[PDB]
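Just so you know, the sequences run in chain order A, B, C and D. Counting with full-length UniProt numbering, you get residues 34 to 507 for the letters of the first sequence. Counting with full-length UniProt numbering, you get residues 34 to 507 for the letters of the second sequence. Counting with full-length UniProt numbering, you get residues 34 to 507 for the letters of the third sequence. Counting with full-length UniProt numbering, you get residues 7 to 341 for the letters of the fourth sequence. For every residue, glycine included, the Cβ atom is placed at its ideal position computed from N, Cα and C. Beneath this line is the structure, given in structure tokens, with notes to follow.
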Amino acid sequence: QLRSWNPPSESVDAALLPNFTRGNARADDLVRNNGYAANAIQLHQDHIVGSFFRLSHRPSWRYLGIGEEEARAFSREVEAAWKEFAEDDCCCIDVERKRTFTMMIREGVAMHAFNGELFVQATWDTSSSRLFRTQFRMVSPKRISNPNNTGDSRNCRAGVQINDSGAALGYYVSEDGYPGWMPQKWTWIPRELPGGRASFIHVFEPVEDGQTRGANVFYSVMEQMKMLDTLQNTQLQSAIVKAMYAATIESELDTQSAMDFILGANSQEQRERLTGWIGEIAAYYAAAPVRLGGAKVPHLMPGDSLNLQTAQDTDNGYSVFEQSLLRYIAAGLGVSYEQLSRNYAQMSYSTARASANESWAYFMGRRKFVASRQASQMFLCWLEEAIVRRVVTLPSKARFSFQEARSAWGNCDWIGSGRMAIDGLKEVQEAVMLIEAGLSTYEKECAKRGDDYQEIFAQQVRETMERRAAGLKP
Amino acid sequence: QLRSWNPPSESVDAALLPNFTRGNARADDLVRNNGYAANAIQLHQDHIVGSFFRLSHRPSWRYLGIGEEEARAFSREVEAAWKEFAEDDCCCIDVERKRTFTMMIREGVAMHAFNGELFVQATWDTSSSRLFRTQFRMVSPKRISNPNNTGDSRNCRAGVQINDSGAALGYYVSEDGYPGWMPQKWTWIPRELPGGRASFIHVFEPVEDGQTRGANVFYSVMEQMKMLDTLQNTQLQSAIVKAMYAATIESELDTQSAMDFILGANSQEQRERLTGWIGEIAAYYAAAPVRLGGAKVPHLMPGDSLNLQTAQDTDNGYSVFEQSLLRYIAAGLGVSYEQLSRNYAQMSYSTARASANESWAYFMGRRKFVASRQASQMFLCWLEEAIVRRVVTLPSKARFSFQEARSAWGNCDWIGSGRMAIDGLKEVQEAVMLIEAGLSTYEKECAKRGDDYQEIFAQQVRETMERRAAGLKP
Amino acid sequence: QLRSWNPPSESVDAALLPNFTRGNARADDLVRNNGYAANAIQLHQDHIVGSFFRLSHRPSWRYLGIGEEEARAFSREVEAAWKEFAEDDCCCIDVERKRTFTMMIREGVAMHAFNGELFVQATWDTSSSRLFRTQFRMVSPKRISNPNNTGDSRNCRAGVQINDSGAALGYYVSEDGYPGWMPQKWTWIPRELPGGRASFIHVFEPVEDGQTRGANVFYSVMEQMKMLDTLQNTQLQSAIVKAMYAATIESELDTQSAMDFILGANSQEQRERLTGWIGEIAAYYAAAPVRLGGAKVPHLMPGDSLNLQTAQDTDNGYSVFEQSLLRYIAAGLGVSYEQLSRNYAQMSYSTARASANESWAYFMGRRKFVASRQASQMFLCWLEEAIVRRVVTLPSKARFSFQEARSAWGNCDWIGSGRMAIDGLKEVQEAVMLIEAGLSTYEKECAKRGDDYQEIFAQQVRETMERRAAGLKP
Amino acid sequence: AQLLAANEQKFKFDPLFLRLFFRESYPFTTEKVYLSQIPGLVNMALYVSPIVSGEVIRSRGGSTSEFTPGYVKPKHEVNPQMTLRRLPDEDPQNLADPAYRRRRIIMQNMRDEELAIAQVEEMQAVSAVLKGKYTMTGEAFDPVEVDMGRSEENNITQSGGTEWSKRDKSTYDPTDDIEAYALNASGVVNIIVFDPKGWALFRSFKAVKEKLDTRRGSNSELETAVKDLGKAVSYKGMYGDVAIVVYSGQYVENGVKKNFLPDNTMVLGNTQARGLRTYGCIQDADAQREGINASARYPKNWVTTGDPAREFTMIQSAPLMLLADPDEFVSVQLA
């Protein structure tokens, strides 16, 4: 079985890139034919981004000498601008003109999960319906190959032109293949502009040094493919052969030496004996009507029957095989099957909350690992455009210029899915302890709750004043 | 078995579009013959929209410089207008004149679930029974094919005319096929008007770039089809063969060499022996009446019987096969079977509330992903019409014009199904904690409760004053 | 087995309408022969309407400029009038003169459940026993066929005359067939009058566009039919063959060659041997009295016996087959069998209240989906008649005329079954939390409780004053 | 079944015929060779008056433009049941791998394949420049004679008149015959490559042996070519003006082996004679739908499902290599 799937013995990058197309193609096959990939990407979406992905700008006020109040007001301005620019209802923020920021993050994270890499391009849109002429078009991974599909070279390696030190200079984007009859032409695309401008945002997780591509799926999913095939076929055979039945006719006849002599005489010159016996047996079956049930017994003149003696008859064991292996690959691939297909077998209280909190912290890990890159890159490009357009005003006491301290000025964090609910009592006792001991700040409280302290305080002011005015109890 | 269903190895869009008609047709077959699709669409309806889908208009007052109080009063006016326009009792808001806003959302979400896409068209009704001359007619997905059913082309691709960059310009709507004998003629329909007017609302979820169609169902449901078939047939065979019985007659007779010699002599020239024996056996069965029960033993003269020796006799295993696979595809397709067909097997407390809260948050995900598009599009069209008719008054200090900031002015959110009830104690301890710590605002409190803070306060005023007047206890 | 039931591969409307009569006829067969349909319709009745269906008129006072107090008093007048008109004790509100409003809703919902559609007609009764000359006669679905049972046509489609756009103009009502010998004649009936008057209330749920008929039952119930048949027959066979017994007589005799020679000699010319042996065996059985029990051993002279060797002897499996399938179709069709036939197997506390609350919310869904249409239509017709008769007085400051704003004036909601009881502690802790936090209004409190705030306050006034007068404790 | 790109050899070692005289490759998208389509030699003299310019010049319509290329498509099995060629002690553990055994055995199989087509192409070349006739033939195929047009003076024989065997082994000089046969060759001859015994009786004359220079005196890249193909081309040395070579290449036919060269033959001509390598259509659905209908060679590795449920390596080609000028070489049978 190791024949149809073969690992070379070498560093992972040189063991994957030669068989990149086959592994990725069979990955496409399984993610299309199989529901597990859809469920996994959907849960990753709903744990990492969830409803939305919220920007929070925190310029390094302490290091830059900027006042915290000026930083906070400038952040208010940039947050209002960014939310109003992102909430465009006409899907107009993409060059394809059919994806908002939500689906920017969606397709980016999905493709960085599947192929391990995502490709964003900051292009200059001309549609004047918005103040900001920068859109972000996502680039397929099929596009990145060496110019004219040539094999890897000295410095042109699977489509990326690098130096001897590996520094990613640029890329050869092959032309799109949709419809299925466009030819591919390779075009030069630099990774970033010299001034720090993020033109081609290439975010991938390298497992080792010098690696150019991300992680796969199929190269650990062939075994589900062939287990589902084998369980499927074995259930089919079991079902079809629980009551397969042979309906033949035998007789006494069979006078050993006499039967053999009759057969030999028929073979030599006395076939009339066989013809007469066949006629008698045909008359037998047409005067009997030899019929078993609703159907006719298949015509068998005496002396021939099937021997449907069977193989071993122990239990198939597939039960504990499949539970063990589903277990196995479930906290292999990472998301547990007791919800990837939802068993409720013997699961208990500590079971539930321990599994939930470890899995949720681990999704927080993946979120902070493979979402903040895209978030910061897009925010940096948008903030550069805003500074170009003088939408928001930089602090006058800027210790470093915007172009010099884009990292310092464009320092930001992002908020993923909403408020976690698992037990209730858990979150509420945590909340009461934090609010009584002061062990929670504005920033981490809002991180835990998916809200904002400024708005909760303003709305509590509104709550109290409306209760006082209408006669309610604050 | 892989013969009657075949995946190509290619990108998903080019692997689905060539076999679009067959997959969709067998999807129709299974959603019509099978109850699971009906239950799934019904639960999706009752989790996403539920009773109703409530509009809430929040123009970006902070960014536009609009006062929050003016924004709130303008929102009050637009909400009153929208509710009174939507509550039309004569089903008159559609061109078909037989669906209200509720069934707009219903059919839209159902078709965007089945085919992955929904097609709305903003048409100018002439029926003067309402102030607003805009209706929204939904367009079938069968209509979108290339002009005269031609195969995909360079830029005309499965009915959508796009550019090289993929931008969806317009569509070729084939003529309706009901009654089953109208010919199809393809008509041009642009996606949107240049001024931002949403004429042809085409909302679909693209799994990858350049994809034009949504997701399927059958391409993961063929296995339920053939498992239900195999379990059905195997139960039928098991039932019919638990007591199938062969009723033949044998005798001692059978003098080996003598019987063979008699048969050979009969075959050659002595058939009178066989005739005499048959006569004797007929007299035997007519003087015995050889009868077993209520029925006659089927006529078998001696020397011939059926050999109903069986196949293996181990348990079929279908029990744990079917539990494992129902498990499997249940949190595949997404909604758990312990309610898609309702098992109560060994299910526990943490089981219940963990499963319920994760599934409900995930339905909140689907709701915010595939309902807000249609909601915002319809609201934008209706608000544009209202501004045309001067029903509601835009703020005088508009920083941007309506046509320029339709996204900013027409910023809105929507509320789906009503107040979730699962445990009681859970929701009430959450409510008491939120109302004591102030950790809940007007907007998210009303989101959690399915109510409105303004109306709860006004009705609490009414409550207190009526209790005071009538003598009750506020 | 797929032979006696056949799905075409096409859109659901064109896959059902050609086989409409057969599917509906077998649906009638199963709903008549089978108790499940009766139980399901009874529970749907008792969950949707229950005891009664209560009208509540809420004209859009805010949008129309009407004062809330005037709207409430006008609603009081219309509610008193509607309750006194509906409470007619002589069953006189129907043209058939044998159904009140309760059975209007009953038959309407039952037929909209069975066929997916209901047909009401607003006719002008002449019986002067009531002030209102409008009755509502319900129209059978068998009546709607093309004029003279012709097949579907261009615009005349299964009895409905529509345009190319599908707009339902009118209907061809075939004459009644009771007694079973009236001929059918097709009469024209428009769907609604141009002035918005609801003449022919045709309420059906269309699964897709252009669909004219509702949903079925049998097309998912054939499998219960044939499972009940197969389990029935297999239990009958098992019962009859647990102790079927063959009572024959064999003997030693059987001297192989000698017996064969004797039989051959008898066949040729020596039948006297057989006659003598038969005489000896008859004397044997008449001198023995060969008798086994209370009955005589059936007469078998030696040398012939039945071979009742059996088929396989594994457990039938029907146990877990039937539990799995009852499970299956139970939360298929929607109402769980652990009450459609009431199992109490291993069912637990979270089991009970989770299942109950989800099922009850889902019945609230069906109620608000398939009851409010009929309620609003009937209320609109009755209110139009009341305005014609000047029973209730419209507001003088009417921003729009009655005929123009029938939807705005005739805005109404309805209350179904009474106060839900499942646990007690649940409802009471909910009630105490709502009444302490004010999180419940008049309208939704009365919706939850099945009462009225005005009457509860008036009766609490009466309670307190009678307790004070008689000496009790308020 | 492995991909198309697993066709890396870097082993092009044809015996100085298809690489030195017959460089002029013309793979077509069309079945036959259309010599009218090939420009070949261009009409290459006339100018126009210093007022205006003249007509349009075309490919000058070759008289015969219809011959059948030798569409050769053999195959083999690479069934992982053999122990393979084990290069000395490079970790036979990878041979123990079915993956490495299968890939280097498809390497070995396919290299056998192109050297097979190369050796049959060399037989075509030796027929071509030894008689001007080529036998496009095979069972279940009509024998087409493809003639470049070798003239009679290009087929004049040494045995006619006086034979070198029937001459003085000491005083006679065959150089006179050398220019006698070289004059009617439409050019200069600079290689005198013999078959072995032909060179034997050539050098049997003393005048030859004290006229030839055994020294290198490296004239051209022919020494480099001999160093490359030290197998069957043997650079005897200088005969002074001209280079002396001997070809003793051998083809190993169905049951036996024998030399490419006949007993005693010679072709007098240049090292830069023009040789056409017209190539026909490649009848493989893969080749057509990926555009390899006009190419040199096509490999593939592919699995048969069913009766011959196995896996094979398939090589397809269609050469019809000829010589542009058959008169360029004088073909002489020797004494």
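*Is there at least one Cβ from chain B nearer than 9 Å to C:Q154's Cβ?*
Taking Cβ atoms only, chain B never reaches closer than 9 Å to C:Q154, which makes this a no.
*Looking at the structure shown, is D:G243 part of a helix, part of a strand, or coil, going by DSSP?*
Residue state for D:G243 is assigned as strand, using DSSP reduced to three classes.
*asked:* At the 9 Å Cβ level, is A:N266 part of the contact set with chain D, yes or no?
replied: Among the residues facing chain D, A:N266 is not included, as its CB has no counterpart in that chain under 9 Å away.
_N- and C-terminal bounds of the alpha helix (DSSP H) containing B:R230_ = Annotation: B:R230 is outside any alpha helix (DSSP H) and is labelled neither H nor E by DSSP.
_Under 8 Å from the C-beta of C:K459: neighbouring residues of chain B_ = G457, listed in chain order.
_I need the straight-line Cα distance from B:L333 to A:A298, nearest angstrom please._
For B:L333 and A:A298, the distance between alpha carbons rounds to 31 Å.
*Does A:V206 have its Cβ less than 9 Å from a Cβ in chain B?*
So, not an interface residue.
*State the beta-bridge partners of D:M320 as determined by DSSP.*
Under DSSP, D:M320 shares a beta bridge with D:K81, D:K306.
*With 8 Å as the limit, tell me which residues of the region 306-319 of chain B have their beta carbon closer than that to any beta carbon of chain C; keep them in chain order.*
Result list: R306, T308, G309, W310, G312, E313, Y317.
_Three-state secondary structure (DSSP) of A:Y205_ = Residue state, collapsed to three classes: strand.
*Measure the Cβ-Cβ separation of B:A231 and B:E225 and say whether it is below 9 Å.*
Yes, the Cβ-Cβ distance between B:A231 and B:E225 is below 9 Å.
*Just mark A:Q194 as buried or exposed, buried being the case when its beta carbon has 16 or more other beta carbons within 10 Å.*
Buried, by the Cβ-count rule.
_Applying the 10 Å Cβ sphere with the 16-neighbour rule, what's the burial state of residue 30 of chain C?_
Residue 30 of chain C lies beyond the residue range present for chain C, which begins at 34 and ends at 507; the question has no answer from this structure.
*Pair within 9 Å by beta-carbon distance, C:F118 and C:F165*: Result yes, Cβ atoms of C:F118 and C:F165 sit closer than 9 Å.
*Rounded separation between D:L24 and D:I321 - CA only*: Put simply, the backbone Cα of D:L24 is about 19 Å away from that of D:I321.
*May I have the straight-line CA-CA distance separating A:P180 from B:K401, to the nearest angstrom?*
One C-alpha to the other measures close to 42 Å.
*Host beta strand (DSSP E) of A:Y370 (start-end)*: In the DSSP assignment, A:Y370 falls outside any beta strand (DSSP E) and lies within the alpha helix (DSSP H) extending over 370-373.
*Would you mind working out which of C:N57, C:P51, C:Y69 sits nearest C:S374, comparing C-alpha positions?*
Scanning C:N57, C:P51, C:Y69 for the CA closest to the CA of C:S374 turns up C:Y69.
*Say yes only if the C-beta of D:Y304 is nearer than 8 Å to one or more non-hydrogen atoms of the ligand NAP, and no if none qualify.*
Absence of the ligand NAP is noted for the structure shown, with no ligands found whatsoever.
*Have a look at D:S323 and A:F86 and give me their C-alpha separation to the nearest angstrom.*
The C-alpha of D:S323 lies about 59 Å from the C-alpha of A:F86.
*Leaving aside the five residues before and after C:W442 along the sequence, list all residues of the same chain whose C-beta is less than 6 Å from its C-beta, in chain order.*
Closer than 6 Å at Cβ, skipping near neighbours: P92, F435.
*CB-CB under 6 Å to B:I234, same chain, minus the five flanking residues each way: which ones, in chain order?*
Closer than 6 Å at Cβ, skipping near neighbours: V153, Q410.
_Contact residues within the region 291-302 of chain C, judged by C-beta distance below 9 Å to chain B_ = Correct list: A291, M292, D293, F294, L296, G297, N299, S300, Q301.
*Residue range of the alpha helix (DSSP H) that residue 1 of chain B falls in?*
A question about residue 1 of chain B goes unanswered here, because the residues of chain B that appear run from 34 up to 507.
*Could you tell me whether the region 244-259 of chain C touches the region 295-312 of chain C, where touching means 3 or more Cβ pairs closer than 8 Å?*
In short, these stretches do not touch, since the Cβ pair count stays below three.
*asked:* When you compare the CB of C:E43 with every CB in chain B, is at least one pair closer than 9 Å?
replied: Taking 9 Å as the CB threshold, C:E43 lines the interface with chain B.
*Taking D:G281 as part of the beta strand (DSSP E), name the residues at either end of that continuous run.*
Per DSSP, D:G281 is one residue of the beta strand (DSSP E) stretching across 281-285.
*For C:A404 and chain B, any beta-carbon pair shorter than 9 Å?*
At least 9 Å separates the CB of C:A404 from every CB of chain B.
_Using beta carbons (cut-off 9 Å, strictly below), is A:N181 in contact with chain D?_
Using beta-carbon distances, A:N181 does not count as an interface residue toward chain D, since no partner is under 9 Å.
*Does DSSP classify D:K264 as helix, strand or coil?*
In this structure, DSSP gives D:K264 an extended state, which the three-state scheme calls strand.
*Does the beta-carbon distance from B:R386 to A:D346 come in below 9 Å?*
Contact check for B:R386 against A:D346 fails: the beta carbons are separated by 9 Å or more.
*asked:* Whole angstroms are fine: how far does the CA of D:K81 sit from the CA of D:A134?
replied: About 26 Å.
*Closest to B:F251 by CA distance: which of B:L366, B:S207, B:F294 is it?*
Measuring from the Cα of B:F251, the nearest candidate turns out to be B:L366.
*Just how far apart, CA to CA, sit B:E102 and C:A106?*
Those two C-alpha atoms are separated by around 32 Å.
_Cβ contact (3+ pairs, closer than 8 Å) linking the region 168-178 of chain D and the region 141-158 of chain D_ = Output reads no: the region 141-158 of chain D does not touch the region 168-178 of chain D.
*Could you tell me if D:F208 is buried or exposed, where buried requires 16 or more neighbouring beta carbons within 10 angstroms of its beta carbon?*
The residue is buried, with at least 16 neighbouring Cβ atoms inside 10 Å.
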